[PDB]
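Enquirer: in their complex positions, the first chains:
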Amino acid sequence: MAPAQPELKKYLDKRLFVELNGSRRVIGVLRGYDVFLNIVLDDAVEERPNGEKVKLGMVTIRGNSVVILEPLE
Amino acid sequence: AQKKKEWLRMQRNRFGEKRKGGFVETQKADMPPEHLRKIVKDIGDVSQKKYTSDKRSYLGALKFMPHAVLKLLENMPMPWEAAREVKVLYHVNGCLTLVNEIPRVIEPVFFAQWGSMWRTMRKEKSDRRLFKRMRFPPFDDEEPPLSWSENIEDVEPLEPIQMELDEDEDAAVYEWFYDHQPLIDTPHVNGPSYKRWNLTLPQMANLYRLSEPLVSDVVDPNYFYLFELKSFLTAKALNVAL
Amino acid sequence: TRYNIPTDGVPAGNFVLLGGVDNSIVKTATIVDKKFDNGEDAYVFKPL
Amino acid sequence: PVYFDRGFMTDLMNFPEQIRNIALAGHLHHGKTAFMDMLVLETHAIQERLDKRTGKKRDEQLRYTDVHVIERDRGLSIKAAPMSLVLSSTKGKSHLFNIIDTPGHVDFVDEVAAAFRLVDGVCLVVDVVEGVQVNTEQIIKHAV
Amino acid sequence: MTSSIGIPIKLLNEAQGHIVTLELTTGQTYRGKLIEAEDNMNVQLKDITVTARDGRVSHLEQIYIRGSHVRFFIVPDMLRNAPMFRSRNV
Amino acid sequence: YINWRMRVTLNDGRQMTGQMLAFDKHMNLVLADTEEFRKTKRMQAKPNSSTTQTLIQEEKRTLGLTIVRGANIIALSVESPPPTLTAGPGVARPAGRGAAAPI
Amino acid sequence: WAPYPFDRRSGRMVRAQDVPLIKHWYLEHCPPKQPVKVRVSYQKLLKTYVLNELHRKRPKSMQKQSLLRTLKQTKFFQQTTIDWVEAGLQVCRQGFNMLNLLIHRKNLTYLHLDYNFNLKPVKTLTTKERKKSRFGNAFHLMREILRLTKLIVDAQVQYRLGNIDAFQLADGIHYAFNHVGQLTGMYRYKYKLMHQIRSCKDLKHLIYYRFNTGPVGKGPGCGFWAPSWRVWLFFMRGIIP
Amino acid sequence: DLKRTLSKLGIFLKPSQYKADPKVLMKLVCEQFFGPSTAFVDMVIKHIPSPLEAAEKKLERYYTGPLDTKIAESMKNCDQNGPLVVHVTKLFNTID
């Protein structure tokens, strides 16, 4: 049937760092998610392997694009 | 070729799955009722000299007569039955007739049938003017025993004690209530041996309603406080009486 | 209750049934080791 | 014979975070041992022996934790009876429950008090028709 | 019909609260106490001691991993004798 | 096919040998007593021989009870298979063979 | 909330005598405003129930071959299906001819056994005739058991001949089972039988005091003959060995 | 009708069991409808603490010794490798 939603209600509106493919990092605040793990976050900062943080604001990452997540608070 | 025929015949007549013991074995069957009728008619009271070979056995069956009395009185017809037929195991001299039956009933059906008897007999006793009780003993002492064939065989019996079942209210039991063994040819029992029953909710409700004069109205087990078996045994052991 | 399961060890924070020990308990008791590792004293629980 | 493994149960003694110690408590005849019978019949394989019963014992409540002859003859629990069981949550994770059935008669309530020294939780079984009676008030007052 | 989850997913779900080691498809294995599980094998861990195959040993707290990138998972030995493994013959 | 000692090959080339305990619809296999053997090719150069020999060194690590997702599972091969008389009415009595018989 | 067996929808058949139709009348408390005789009947029946429950036994029967099934295995017994009235007539004539052959074999032809099972000397007996004729408790107990059987069968035959109606038949059957001590001398050859006689009287009290209530008058009419019939069946069970 | 209704919800019974007594049929139907006692397990897990989360309260209420000793830490954390202490209150007579 319909897949179960991920348990991220406690992770809402919190500082989180998400590691995605290409060894990319995104530090932001969780704003919403979906059943297919489509995460929408605000005040996103993208970090490459060089260690440079680039602000993007409101960003969206697909479920397949998301690899690992870790709360920063 | 003769060798093959005789060998196959010998092998079948020794190892066939019908001769496991050397003979074809069957299940013991039922004789006509007229066989027993003729035997009992022929021997009469044993007063001819023809039956001198049958006298020792007959007097020896005296030993098993108590057991026949039990089976006969056990399988007696209930008031709602005009007549009943029983399987009997009889001796071929006519010496003993043991009723080969167990009066096996459904407890709700039996209980409701007898409750309806309670109602019917009370109504008739309130409706009859003068009740003539039958004389005891019914027949005078010096009268020969009644033969079945000349006196009872074709005689249509009278109406048994039955209650006027309502067709609409008692529609669950109307067509089978006063049968001898009710529901015997239905999917409500296992078979003709009549050993397990199942009844639907309308039938059980109807049988519960018909058994009102007998059935107990106690619902709470706390009704039997200090008036149960353990209390009576305690009072017996203590030499007191509740 | 209906039976007992005999085992070689019951760990901490559980329920246990001990046999061979009943001779001293009268209402409540606390059962400890003979000698502690540091040689410390022993204290009892509050009476029921 | 039970439906869990005794080796598994002994190994779940080894993890004292996933263990709950509770006491079933309530008024007289409010269903503590009936609840424990529900748990036992879910775990133990003794439906085969109970389905062979005939007569009036076919109607007898099992009462697994009534074992004193007083309890079998008077029909009420007089001793706090402990059991240990493996019970499954809705996530499929099995937990070791060390449960104590307590008497509900207002005289043996000291046994209840003894159980309330041992357990971490109190499951208060209350009848829905009779509601709260005097031993329910005593047990609630103590456990609070 | 009634949806039947796998026995291995049930063993993963029953492993919550005990320390397990999950190695992802990226060559990083984290060993820690599992704090949650899902039907899609998206597990969250709390102790999470991470070792990456390039040689990177570190510690992290409250790390969630989706079931897609997860390669292998090793659970405690006690769950080898779990009630799930008994063949129910009704 | 359960409870048979088998070796499964992962998508990364690592082999896992053990007793297959359970399998699911999506081929997510849970196996106990797992031993992960990796056959890594190493070019060992001898101090006397200029030709470096390429040897498939097998590194084995015991893991125990492991559950593997079916998306990374490739293939498996079986290694080794798995590892009420009532008493009748007969009696025995010593006896003798009786009188000798003529020929 | 009905009592057993009316809260069930499946079960096993029980024997017809193994249904006590009015046992809960005395297993429950007696109603108020009773005559003293009815109350002491309630107490006597309750005593019988308690004493049956106290002497419950566990004989472990395995070494028991049935008489009827073993007799069926011979060539001298065949099987058929006949009317119950025919079987009762046959049983009564069989027992009469058996006792008659016993009397005539002992050369006691100066005793007439009539068809209602009364043994009377046809003439004045000498001392030797009286001494040789005195029969035993086996003969006389069998003869009176046969007499009660004859009374029941003739009641049924009088119903089947049209001489009495069915209400008269049920009333007569209840009368015969409640008046065994008056219609037989069966108590003379087994005095413990009076227990059964007493039991029947007790049941009669209960039955009558719930039958003749309201518009129902007095005198004959009570055909509720099942419990007395049961009592005599259980007597026959015990008296067979 | 019972077979039709309970199959409409999705509860399946062997046809012999549909003709059972109302009390046992009721038990079987409710057993297959509600299922096991997992709800009670969830209720206990969510609302009743484990020995690790309640041992400190037990020591604070019913222990007469100081809380700074190593025996107090062993009782508090419920370690298996600590020295033995068992609080025995109940006494059950044997089979004889």
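Expert: Cool, the structure landed. Numbering: from 1, shown residues only, chains lettered A, B, ... in the order given.

Enquirer: when you work out contacts or count neighbours from here on, use the C-alpha atoms and nothing else.
Expert: OK.

Enquirer: can you give me phi and psi for the closest residue to chain F within chain D?
Expert: At 14.8 Å from chain F, residue D:8 is the closest residue in chain D, using C-alpha to the nearest C-alpha. Phi and psi for residue D:8, reported as degrees, to the nearest 10, are phi -60, psi -40.

Enquirer: what's the longest strand that chain B contains packed up against?
Expert: Counting by DSSP state E, the longest strand found in chain B is strand B:85-91. Counting contacts by 3 or more C-alpha pairs under 8 Å, 6 or more residues apart in numbering or on different chains; DSSP states H and E, strand B:85-91 is packed against strand B:97-99, strand G:77-83, helix G:84-105.

Enquirer: keeping just the C-alphas, turn the helix or strand hosting residue B:11 into PDB.
Expert: According to DSSP states H and E, residue B:11 maps onto helix B:2-15. Included here for helix B:2-15 are C-alpha records, laid out as PDB according to Å, rounded to 0.1, in the frame of the first residue of the first chain:
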ATOM      1  CA  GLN B   2      -3.800 -74.900 -16.300                       C
ATOM      2  CA  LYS B   3      -0.900 -74.300 -14.000                       C
ATOM      3  CA  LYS B   4      -1.300 -70.500 -14.400                       C
ATOM      4  CA  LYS B   5      -5.100 -70.700 -13.700                       C
ATOM      5  CA  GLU B   6      -4.700 -72.900 -10.600                       C
ATOM      6  CA  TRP B   7      -1.800 -70.800  -9.300                       C
ATOM      7  CA  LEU B   8      -3.700 -67.500  -9.700                       C
ATOM      8  CA  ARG B   9      -6.800 -69.000  -8.200                       C
ATOM      9  CA  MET B  10      -4.800 -70.400  -5.200                       C
ATOM     10  CA  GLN B  11      -3.100 -67.100  -4.700                       C
ATOM     11  CA  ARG B  12      -6.300 -65.100  -4.700                       C
ATOM     12  CA  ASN B  13      -8.200 -67.600  -2.500                       C
ATOM     13  CA  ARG B  14      -5.400 -67.400   0.000                       C
ATOM     14  CA  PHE B  15      -4.200 -63.800  -0.100                       C
END
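
Enquirer: following sequence is chain I, place it on the structure:
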Amino acid sequence: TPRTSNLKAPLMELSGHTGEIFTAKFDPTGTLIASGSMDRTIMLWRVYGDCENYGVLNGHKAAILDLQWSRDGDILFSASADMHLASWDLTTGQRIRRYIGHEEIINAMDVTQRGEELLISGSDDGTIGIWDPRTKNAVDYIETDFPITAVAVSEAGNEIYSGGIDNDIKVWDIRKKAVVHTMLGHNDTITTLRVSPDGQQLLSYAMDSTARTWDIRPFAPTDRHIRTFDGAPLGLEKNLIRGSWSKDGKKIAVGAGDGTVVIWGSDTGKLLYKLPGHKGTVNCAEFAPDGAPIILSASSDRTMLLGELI
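Expert: Now chain I, sitting on the chains shown earlier:
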């Protein structure tokens, strides 16, 4: 020389069958005994020690007329006059399966002791069925025009020793489904064909009260008949007498219709023993396969006599 063996008595009488015993066979390690009898039962005994009847196997609907053991001695092989074969398990005392496909009474059967597992059933419809002991269906069956009462498997596992009422031993080949050659010479119905343990001699007793030993070896003259032992007259019944060889192949033991089991010397033809002890005909006379002097004689006195040869 009172007694030289391991039995606790020089003679033991195993009884407990309620009907005539037709066959009895030893476990190929000489330790377990199986006797099938016309009361449709296989009784399983120990031979060493107090010799209890440890097992009974029921499940045949008619008379049992053969049984062999497996390689190890764990699966029993029963032919029965309910037109059936059956493979039985002795770990549980239950039945593995039944083999179906014959239309008349089955008299013989043989298991291949080494090679590949085959059951070989001769049956009175005129058929020799080759069965695999894992599938109930017949792998093959060879058609004759006469009933078969005797059957033996070759050492090489492809030749079949049939003996019918047509008075001659026939050696068939399984692959070509045709007779290789017939050793004729008997006058009456063949009963037993048992190959020698080394594998070069064949014992054959027929209804003419003569037991002949024949050749098996591929190099042999036109007449392969070695010897015609005599001295065991056949009784009133036309039973299927089952003889056997010793372990060393030196002694020939055949039952007889007078209750006596007769042992000749297979080398020369000298009557070594004429052991009495039975009332009716002796159906199955067997040696111990281990090589001990233990002899067994199962006879239709409902009995078995387990004795010594000192």
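
Enquirer: so what strands line up beside the top strand by length along chain E?
Expert: Assignment by DSSP E gives strand E:28-36 as the longest strand of chain E. Note on strand E:28-36: by DSSP bridges, its sheet partners are strand E:19-24 (antiparallel), strand E:43-45 (antiparallel), strand E:49-52 (antiparallel).

Enquirer: most tightly packed of the ones you listed?
Expert: Mean neighbours per residue, mean count of other C-alpha atoms under 10 Å in any protein chain shown, is largest over the strands paired with strand E:28-36 for strand E:43-45, with a mean of 25.

Enquirer: checking the residue nearest to the spatial centre of chain H next. Helix, strand or coil?
Expert: Centroid-nearest residue in chain H: residue H:41, 5.8 Å away (criterion: C-alpha atoms, centre = their mean). Of the three states, residue H:41 takes helix according to DSSP: H, G, I helix; E, B strand; the rest coil.

Enquirer: export the strands paired with strand E:28-36 to JSON lines and tack on distance to residue B:159?
Expert: What follows is the strands paired with strand E:28-36, written out as JSON lines (distance: least, C-alpha to C-alpha, whole Å):
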{"stretch": "strand E:19-24", "distance to residue B:159": "86"}
{"stretch": "strand E:43-45", "distance to residue B:159": "84"}
{"stretch": "strand E:49-52", "distance to residue B:159": "96"}
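
Enquirer: of the ones you listed, which is nearest residue B:60?
Expert: Proximity to residue B:60 (C-alpha to C-alpha) singles out strand E:19-24 among the strands paired with strand E:28-36, at 89.1 Å.

Enquirer: further, place RNA strand J onto the existing structure:
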RNA sequence: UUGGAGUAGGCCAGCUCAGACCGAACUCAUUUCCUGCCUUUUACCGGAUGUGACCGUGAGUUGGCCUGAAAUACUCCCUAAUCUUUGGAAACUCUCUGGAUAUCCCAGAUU
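Expert: Alright, RNA strand J goes in next:
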């Protein structure tokens, strides 16, 4: 869903087990005592205590009977649109590290 294993319903008879409750029902006999009534015995009174028989019961198994079904159907046990199956795949080079060490090559890592 499959493989193999199987096989209908009713009735009849044998055998073995079952008392805990075989039996939601209920009789009789009896040993050793105590008591009642009694001129004596049988037949009794009514409690204990054991011990037998009888009227019945269930489950398992075996053989037969009756009616159908006919190699049937049924039953048994068992398991291409975001996270597992319709592949972001494939391919080779660069850089770094280790062995060799003047290189080629190879492992591992990265693009």
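
Enquirer: one step back: anything in the longest strand of chain B near RNA strand J?
Expert: No: on the criterion C-alpha under 7 Å from any atom of the strand, strand B:85-91 is out of touch with RNA strand J, staying 10.2 Å away.

Enquirer: tilt between that strand and strand G:77-83?
Expert: Strand B:85-91 and strand G:77-83 meet at an angle of 150 degrees, taking axes from the mean of the first three to the mean of the last three C-alpha atoms, to 10 degrees as the criterion.

Enquirer: ok now strand B:85-91, how far from the chain's centre?
Expert: Taking the mean of its C-alpha atoms, strand B:85-91 sits 11 Å from the chain's own mean (C-alpha atoms, centre = their mean, to the nearest Å).

Enquirer: tell me the phi and psi of residue I:22?
Expert: Per degrees, to the nearest 10, the backbone of residue I:22 is at phi -110, psi -40.

Enquirer: what are the ranges of the helices in chain G?
Expert: G:23-27, G:36-54, G:67-71, G:84-105, G:127-133, G:137-160, G:166-178, G:180-183, G:194-211, G:226-239 (DSSP state H).

Enquirer: would you turn these into JSON lines with distance to residue I:142 and mean neighbour count?
Expert: Output for the helices of chain G, formatted as JSON lines (distance: least, C-alpha to C-alpha, whole Å; neighbours: other C-alpha atoms under 10 Å in any protein chain shown):
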{"stretch": "helix G:23-27", "distance to residue I:142": "76", "mean neighbour count": "17"}
{"stretch": "helix G:36-54", "distance to residue I:142": "73", "mean neighbour count": "15"}
{"stretch": "helix G:67-71", "distance to residue I:142": "51", "mean neighbour count": "13"}
{"stretch": "helix G:84-105", "distance to residue I:142": "65", "mean neighbour count": "22"}
{"stretch": "helix G:127-133", "distance to residue I:142": "86", "mean neighbour count": "12"}
{"stretch": "helix G:137-160", "distance to residue I:142": "74", "mean neighbour count": "21"}
{"stretch": "helix G:166-178", "distance to residue I:142": "78", "mean neighbour count": "25"}
{"stretch": "helix G:180-183", "distance to residue I:142": "82", "mean neighbour count": "16"}
{"stretch": "helix G:194-211", "distance to residue I:142": "79", "mean neighbour count": "18"}
{"stretch": "helix G:226-239", "distance to residue I:142": "67", "mean neighbour count": "18"}
